[PDB]
Amino acid sequence: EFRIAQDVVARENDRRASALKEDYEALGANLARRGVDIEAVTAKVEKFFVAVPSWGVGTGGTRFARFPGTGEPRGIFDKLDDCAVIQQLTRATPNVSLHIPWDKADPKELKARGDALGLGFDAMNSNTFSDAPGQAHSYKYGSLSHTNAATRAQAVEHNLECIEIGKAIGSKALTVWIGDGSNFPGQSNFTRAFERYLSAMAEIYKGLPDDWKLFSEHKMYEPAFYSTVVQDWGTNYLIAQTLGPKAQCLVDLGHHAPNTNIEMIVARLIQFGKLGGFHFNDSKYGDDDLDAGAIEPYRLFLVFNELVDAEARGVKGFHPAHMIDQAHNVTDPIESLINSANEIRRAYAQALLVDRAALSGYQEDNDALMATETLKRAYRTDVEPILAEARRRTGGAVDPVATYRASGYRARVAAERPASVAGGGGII
Amino acid sequence: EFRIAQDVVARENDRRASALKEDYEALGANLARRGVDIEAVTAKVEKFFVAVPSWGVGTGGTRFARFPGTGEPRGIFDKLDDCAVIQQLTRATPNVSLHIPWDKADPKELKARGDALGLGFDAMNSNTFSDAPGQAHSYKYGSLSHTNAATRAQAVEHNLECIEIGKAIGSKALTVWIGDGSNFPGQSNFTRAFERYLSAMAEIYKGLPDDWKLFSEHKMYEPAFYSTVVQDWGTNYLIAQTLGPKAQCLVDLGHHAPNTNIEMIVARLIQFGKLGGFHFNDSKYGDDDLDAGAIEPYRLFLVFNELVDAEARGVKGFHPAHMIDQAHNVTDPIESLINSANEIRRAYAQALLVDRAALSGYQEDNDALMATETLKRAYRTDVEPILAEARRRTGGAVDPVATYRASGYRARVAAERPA
Amino acid sequence: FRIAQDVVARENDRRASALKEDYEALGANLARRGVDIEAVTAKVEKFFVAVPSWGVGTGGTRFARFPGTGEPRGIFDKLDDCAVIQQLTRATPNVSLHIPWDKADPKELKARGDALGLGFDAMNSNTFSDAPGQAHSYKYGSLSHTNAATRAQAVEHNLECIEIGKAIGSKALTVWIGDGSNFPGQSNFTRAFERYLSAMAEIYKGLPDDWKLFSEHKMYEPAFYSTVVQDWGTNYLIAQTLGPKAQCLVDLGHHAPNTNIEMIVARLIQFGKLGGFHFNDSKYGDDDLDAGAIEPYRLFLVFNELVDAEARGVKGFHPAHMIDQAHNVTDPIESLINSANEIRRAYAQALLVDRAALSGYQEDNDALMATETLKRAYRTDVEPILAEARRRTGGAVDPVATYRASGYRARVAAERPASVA
Amino acid sequence: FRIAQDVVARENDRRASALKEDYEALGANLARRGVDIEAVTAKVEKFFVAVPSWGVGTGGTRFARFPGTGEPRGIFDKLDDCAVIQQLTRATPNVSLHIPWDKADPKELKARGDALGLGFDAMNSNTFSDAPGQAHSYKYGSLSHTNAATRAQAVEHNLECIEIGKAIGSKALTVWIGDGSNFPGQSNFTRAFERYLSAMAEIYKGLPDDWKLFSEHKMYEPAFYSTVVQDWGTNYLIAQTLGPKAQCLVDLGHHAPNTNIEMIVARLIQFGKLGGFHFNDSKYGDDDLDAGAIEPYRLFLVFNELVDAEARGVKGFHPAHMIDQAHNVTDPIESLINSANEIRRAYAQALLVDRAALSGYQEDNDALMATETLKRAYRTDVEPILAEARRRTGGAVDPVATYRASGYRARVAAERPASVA
Ligand SMILES: C[C@H](O)[C@H](O)[C@@H](O)[C@@H](O)C=O
Ligand SMILES: C[C@H](O)[C@H](O)[C@@H](O)[C@@H](O)C=O
Ligand SMILES: C[C@H](O)[C@H](O)[C@@H](O)[C@@H](O)C=O
Ligand SMILES: C[C@H](O)[C@H](O)[C@@H](O)[C@@H](O)C=O
Ligand SMILES: [Mn+2]
Ligand SMILES: [Mn+2]
Ligand SMILES: [Mn+2]
Ligand SMILES: [Mn+2]
Ligand SMILES: [Mn+2]
Ligand SMILES: [Mn+2]
Ligand SMILES: [Mn+2]
Ligand SMILES: [Mn+2]
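If you read the protein sequences in the order shown, they are chains C, D, A and B.
Residue numbers 3 to 430, in the deposited numbering, belong to the letters of the first sequence in order.
Residue numbers 3 to 421, in the deposited numbering, belong to the letters of the second sequence in order.
Residue numbers 4 to 424, in the deposited numbering, belong to the letters of the third sequence in order.
Residue numbers 4 to 424, in the deposited numbering, belong to the letters of the fourth sequence in order.
Below, the structure written as structure tokens:
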């Protein structure tokens with residue numbers, strides 16, 4: 003199937019082919035003068051993939067309000083149809099990340115739809131940070147770390163079910179992010195809550211297939227506003243080290259305290275073999291969940307610099323799961339995910355241009371200026387031509403968003419799906 | 003009428019009266035040794051009021067979920083009923099802040115219910131940060147500063163309607179907080195957006211009664227995650243100054259950048275006569291909206307220290323509007339508001355204890371250690387006895403939350419209200 | 004006696020009546036709450052915190068230093084001044100030394116301490132500044148420097164610190180370094196940390212059987228882009244890697260904005276790697292201000308975690324307590340006195356928490372009453388308890404007022420020549 | 004010429020070929036985008052930023068200072084090194100002086116500047132440290148000190164800075180003071196500000212008709228609790244109160260974590276009080292790192308506001324641009340060279356933004372395309388433009404490469420005695 007007509011894609015590509023050939027050739031000549039083979043770079047970029055969040059193709063909101071657009075997806079099936087568009091145009095998001103119970107449905111159908119749309123399934127995501135209809139025990143005061151045994155058992159069961167769904171659809175990991183924490187000093191005993199959490203996670207670990215991974219995701223705050231059980235990478239490391247070989251840490255960019263050196267955390271986790279994966283997005287204030295690289299592109303580049311460095315030195319058993327975790331409140335969710343996936347490949351491609359030998363030399367000589375300039379030479383490079391050519395050669399669009407708007411997809415699905423209504427957030 | 007049975011109040015007060023007498027007399031003797039008449043302090047404390055937010059009486063939530071408790075208020079009237087309890091027990095929250103359209107209802111009935119419950123109404127709160135049913139233009143991309151004139155006009159009209167409702171119930175002010183801002187660089191032109199906002203606010207100011215005040219509330223971020231039109235007190239000052247004498251700035255404690263010295267902002271606004279009022283709450287990370295003083299009680303004291311100093315310096319015509327703006331996500335909203343109102347009176351009382359003459363002397367002599375110790379001598383003082391006696395003398399409860407739970411009020415409204 | 008005993012007695016007697024009234028009033032109030040004030044006073048009078056030799060002299064910033072009068076000339080003057088703090092507060096019996104700043108004949112240092120009634124806490128190494136005759140500069144690092152010879156030099160300095168500490172009665176070595184980078188790319192994060200670990204392993208080998216090696220994390224300064232030992236996570240990795248004798252030291256002002264520090268303390272305790280504390284306060288960065296002068300509640304919450312550990316029955320839990328502050332606009336002696344007092348204050352209030360009631364509220368998820376239970380302790384003015392603890396142990400009811408009445412500062416100002424160049 | 008002309012020419016010819024290729028390639032791409040590269044280049048070669056005299060020497064922190072070789076001592080050595088930056092970049096024709104650090108016979112300074120081809124930007128007063136023989140200490144403040152005589156002394160000092168500046172070609176005085184408090188209660192926020200305003204009014208009276216008075220806000224350091232001129236809000240009140248000749252100076256690293264600085268820039272421009280900038284980068288506090296070395300996009304976004312201000316033809320808009328950095332681990336000259344380069348880079352890129360398209364996407368609320376319009380400009384590698392601009396104006400294609408090829412550092416190292424061999 004092709005959510006976007008092939009003629010429109012070919013049409014929009016031909017319209018930009020000339021300019022692209024020029025830019026690509028100019029960049030290739032420049033890279034050559036730098037001892038770099040543009041073709042080698044493009045080949046790797048075509049092979050870089052990042053999972054899209056099923057809950058990301060829908061318009062998001064804040065605790066104050068939600069302003070849905072037209073053609074909002076009704077459920078997992080409409081969401082998969084929209085994710086297909088993203089993959090077809092960018093060719094960078096072949097896999098979708100499911101969230102339960104939001105995307106609960108017959109595993110056979112999900113798999114079927116995915117195969118038909120040319121989409122796979124990444125890590126499963128459990129939900130014990132909200133109450134579902136008919137739920138026996140509320141997660142108001144926590145889940146996996148709740149003081150009530152029955153409540154923890156219920157949370158554990160839910161996570162085990164997520165693993166069962168994932169196995170049936172082709173997933174190989176479970177990501178566990180909970181809101182568990184406290185809003186007031188004294189409300190929670192830090193140590194006892196963590197102990198409860200560890201014990202519950204141990205039960206979940208027991209249900210992991212031999213080739214599966216369990217990712218725990220830390221977050222400084224929100225929904226808890228005083229303390230959070232899994233508040234940072236330090237606690238997260240203790241979790242992973244304690245649970246076992248299959249347990250690793252997931253780093254969501256906007257989940258750190260102000261001014262935190264996030265790329266260092268990535269490096270530390272790689273060093274001790276616990277970098278399970280990433281949740282890409284950008285931010286300026288808190289866990290803003292904005293389009294990747296829209297606020298601080300250099301920081302995104304620096305994270306990838308650590309990723310490529312580890313890749314370069316053959317760090318064996320190094321396959322971090324890459325996923326986008328964003329909320330789109332003022333843009334067409336599909337266009338944002340498209341450009342976000344693009345930005346990620348942009349940062350990856352620039353990281354690949356880093357002269358590793360020269361950098362190592364300046365590091366050993368303590369030539370700070372040249373070391374930092376060596377990274378900038380790669381970062382300053384406009385690799386858009388490589389990103390565009392990679393898409394073109396793999397069946398994607400030179401200009402993804404332009405082709406998307408030219409296709410009229412949004413207007414189309416807007417006519418097929420029921421209207422939505424604005425409203426307030428959880429504030430009241 | 004009394005939401006809490008008068009016999010329960012008398013009972014729970016008698017049960018703690020002996021202990022209170024002992025603590026009050028001990029504190030009075032200690033203060034007397036420090037040259038302070040405890041009676042003068044209690045007299046002032048029982049006169050300190052802070053308005054309760056109608057939107058804080060029901061359980062709050064986040065973008066991730068809402069976990070309502072039992073007996074949740076069904077509307078503004080249930081909310082007023084619950085606010086009546088807060089006032090009856092603490093005697094520090096005689097006024098309620100309404101939010102339109104959330105609390106829209108016959109103004110005449112609101113006033114009636116208010117008078118019967120012994121409650122009054124503080125500043126009105128406009129809402130152009132969310133869309134209402136049948137709304138012609140969406141506020142998705144802004145409201146008062148939206149690029150579309152028709153949208154801006156609609157936002158202006160809404161605020162004017164808020165003023166009409168407030169005039170009917172006895173409100174004397176309009177508080178304007180909007181989410182207007184951008185999530186991406188370039189999305190908005192900082193200056194043009196601000197110019198649009200100023201022009202729209204000028205229209206609202208034009209329709210403001212001459213016995214009313216117009217409060218603009220700054221916020222660093224959320225719902226906007228890259229830029230916000232009214233992002234800080236600097237922009238807020240420019241707004242108030244531009245609009246006119248009736249326009250002032252409202253300071254919400256959790257709306258500042260990390261590590262910001264908020265008590266200084268308060269002092270600066272007072273000096274330039276633009277401190278319209280406060281939205282009290284506490285926080286640790288962002289605009290957490292937690293129970294006031296639950297996280298950083300000293301900071302609360304330091305804010306009140308600037309308020310009391312303003313009086314001591316002789317600043318005139320200074321009557322800030324005091325209001326609580328909190329979200330109660332994991333506690334009984336009534337209990338949180340009760341203890342929050344209490345914490346605010348606590349900080350106020352301690353600020354009244356500061357030996358101003360001594361402090362002044364240490365400041366002039368640059369004796370930093372004794373100057374800070376002078377503030378600490380006041381802050382370290384446990385004024386709970388003064389707060390409890392104040393409540394007792396004015397019809398409240400020695401221990402509000404204890405009396406509240408003894409009343410079984412929550413179970414009662416839980417039975418009267420749906421699930 | 005640094006401070007004349009008649010001065011202390013006179014000042015104590017002047018305030019005796021008021022202390023009696025306040026203490027007995029507090030005692031009755033606590034009794035009504037089921038707490039024995041005498042039991043609290045008995046524990047308070049035994050809570051000690053080490054005073055930093057480097058904080059007895061006036062501090063400064065990169066912009067300027069404004070010395071006061073009678074600045075101590077060397078380590079001996081500093082010990083003399085520390086003796087004043089201990090005599091008046093009775094809460095600072097031990098001094099933390101810094102090498103090479105306080106380098107001197109161990110026997111002389113020991114003798115002076117004994118004569119003044121002072122002991123010595125953990126030693127502190129210095130490889131964040133260059134000393135004269137140094138073969139290699141620490142400009143680009145020390146224990147993690149790319150140059151092997153530079154690292155070896157840093158290792159030998161730490162071993163020397165241990166030798167000095169052993170001779171004077173110390174039982175630990177605290178290691179804080181500025182190692183890090185100011186530009187992206189300057190350092191390879193993983194290799195720099197590996198170099199550090201290798202060097203610390205060597206230092207670890209020189210530790211006596213009853214010693215401890217404390218590593219201190221810091222988010223930034225002097226490094227402004229990355230720091231090798233940047234946070235508690237990296238710190239935990241260090242202690243766990245080095246061995247049983249290695250633990251983490253938590254300096255309150257070394258964390259990112261809004262960090263929940265008390266949780267970090269709880270985590271380290273759970274995994275037995277909480278070596279000790281560097282107490283101070285701050286509002287912006289590593290401000291190094293007088294403990295509790297900015298956020299007294301936070302200080303109380305850290306102690307709440309320390310007391311809960313004891314309540315939970317954590318075994319062999321003896322964290323080292325030290326003050327690490329810089330006094331740029333006050334008399335250092337007066338600030339250290341009141342800071343030590345704030346520390347005992349927070350400790351005393353933490354002892355007042357009704358743990359039985361708290362555990363009940365935590366189990367029932369009664370967040371409001373749980374927090375109020377903490378507040379009922381924190382709101383209690385324990386000054387009378389601190390004052391009585393001092394009176395009973397030979398200290399001053401009001402330390403700073405007594406210090407000022409003694410005229411000590413004016414005395415040492417006349418005895419000590421201020422530096423000219 | 005500090006750098007031999009044959010060296011400059013040689014290093015240029017070595018890179019001339021590749022540059023021609025890149026400049027032509029960028030010119031074609033820009034043409035396809037409706038942009039004339041020549042128009043950009045013409046503006047870029049005219050963009051200047053003043054170099055801080057206190058920036059050519061190696062910097063340090065409160066913990067240590069690690070000087071490099073050939074450290075410039077005195078204003079004459081410093082002007083000599085600044086000349087190198089100007090010769091190679093052609094973007095720093097003016098130097099910012101700091102009194103009393105750079106005190107010297109005005110006529111001799113003017114003479115040295117003209118000989119080196121350097122002018123002088125805003126004068127910088129210093130009342131955040133004490134000079135020998137000073138009558139009153141600034142320990143507790145200067146312009147806002149509680150002591151009248153101390154304020155008068157500070158005021159007189161600034162006036163002297165204006166006299167020195169008038170004699171050498173300066174047209175502005177920048178005032179940054181450390182004035183503030185480290186403890187709650189220490190200062191009365193309002194009285195301190197009142198005193199500051201009164202003193203600044205006296206300085207303002209000494210300003211010639213064509214002079215400007217810049218006040219610089221700073222959140223913290225040296226004051227760690229409160230600072231009189233803590234932010235742009237207070238700064239605006241100052242400028243508005245003093246008069247038309249008074250404006251606000253924005254130092255990028257003086258803001259609270261996560262602050263939207265470009266918005267502050269826009270607000271000040273709207274109200275005619277954006278006096279100038281102090282460029283530098285940072286990640287934690289006022290790190291004073293090489294401009295754009297940490298967050299180059301933020302720098303671009305600041306220049307986006309600057310370029311748009313001109314595009315709108317705002318009145319009273321003519322900001323002074325200065326670099327205010329500290330180089331603790333690099334050759335100061337090289338850092339200043341590359342920092343000045345980054346500033347021009349951001350400027351060039353902001354010049355590339357399609358204002359018409361941007362304005363269109365803003366009106367339609369097409370946030371995605373709006374931000375992409377900024378990115379299209381930002382993602383554009385303008386190095387070819389910067390290099391050509393330098394080549395056409397007598398500068399070096401690759402400034403740092405040419406600097407190293409000249410062996411200048413080793414040269415001054417042989418002429419200037421270090422403290423130790
Ligand atoms: C929906 C998803 O579980 C969620 O975004 C988490 O991954 C975490 O980012 C929350 O802050
Ligand atoms: C509900 C109320 O309008 C709201 O809380 C505003 O005042 C502001 O605090 C929001 O962040
Ligand atoms: C002097 C002492 O080594 C130093 O203060 C360290 O302990 C650490 O606090 C530095 O920021
Ligand atoms: C040296 C110069 O006066 C100084 O850097 C000020 O401009 C300010 O940036 C300090 O933090
Ligand atoms: Mn996530
Ligand atoms: Mn998140
Ligand atoms: Mn508010
Ligand atoms: Mn708010
Ligand atoms: Mn320390
Ligand atoms: Mn420190
Ligand atoms: Mn500056
Ligand atoms: Mn600065």
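Even for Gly, the Cβ is constructed at its ideal location relative to N, Cα and C.
Cβ separation of residue i and residue j, assumed to be a contact under 8 angstroms, to the nearest whole Å
i	j	result
A:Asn15	D:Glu375	19 angstroms between Cβ atoms; not a contact.
D:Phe227	D:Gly181	Actually they do not touch by this definition, with Cβ atoms about 10 angstroms apart.
A:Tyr287	B:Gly288	7 angstroms
A:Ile388	A:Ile40	7 angstroms
A:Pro299	D:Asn261	That belief does not hold up - the Cβ atoms of A:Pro299 and D:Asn261 are roughly 17 angstroms apart, past 8 angstroms.
Cross-chain neighbours of residue i in chain A, by beta carbon under 9 angstroms
i	result
B:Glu224	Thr64, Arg65, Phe66, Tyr287, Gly288 and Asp290
Chain C residues whose Cβ lies nearer than 7 angstroms to that of residue i
i	result
A:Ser190	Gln365
B:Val332	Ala370
residue 2 of chain B	Since the first and last residues shown for chain B are 4 and 424, residue 2 of chain B lies out of range.
Which of helix, strand or coil DSSP assigns to residue i
i	result
A:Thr193	helix
D:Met203	helix
A:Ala114	helix
A:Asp83	helix
B:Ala408	helix
Residues bridged to residue i (per DSSP)
i	result
D:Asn238	Paired residues: none, contrary to the question.
D:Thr177	D:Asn127 and D:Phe217
A:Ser338	None; A:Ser338 has no bridge partner.
D:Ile326	D:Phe282
Residue i: contacting residues in chain D (beta-carbon distance under 7 angstroms)
i	result
C:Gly427	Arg65
residue 2 of chain A	Outside the displayed range of chain A (4 to 424) lies residue 2 of chain A, so it cannot be described from this structure.
Cross-chain neighbours of residue i in chain B, by beta carbon under 8 angstroms
i	result
C:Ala28	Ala28, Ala31 and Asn32
message = Check whether the stretch 164 to 175 of chain C and the stretch 305 to 313 of chain D are in contact - that is, three or more C-beta pairs closer than 8 angstroms.
response = In short, these stretches do not touch, since the Cβ pair count stays below three.
message = Would the stretch 313 to 327 of chain D count as touching the stretch 145 to 155 of chain B if we require 3 or more Cβ pairs under 8 angstroms?
response = no
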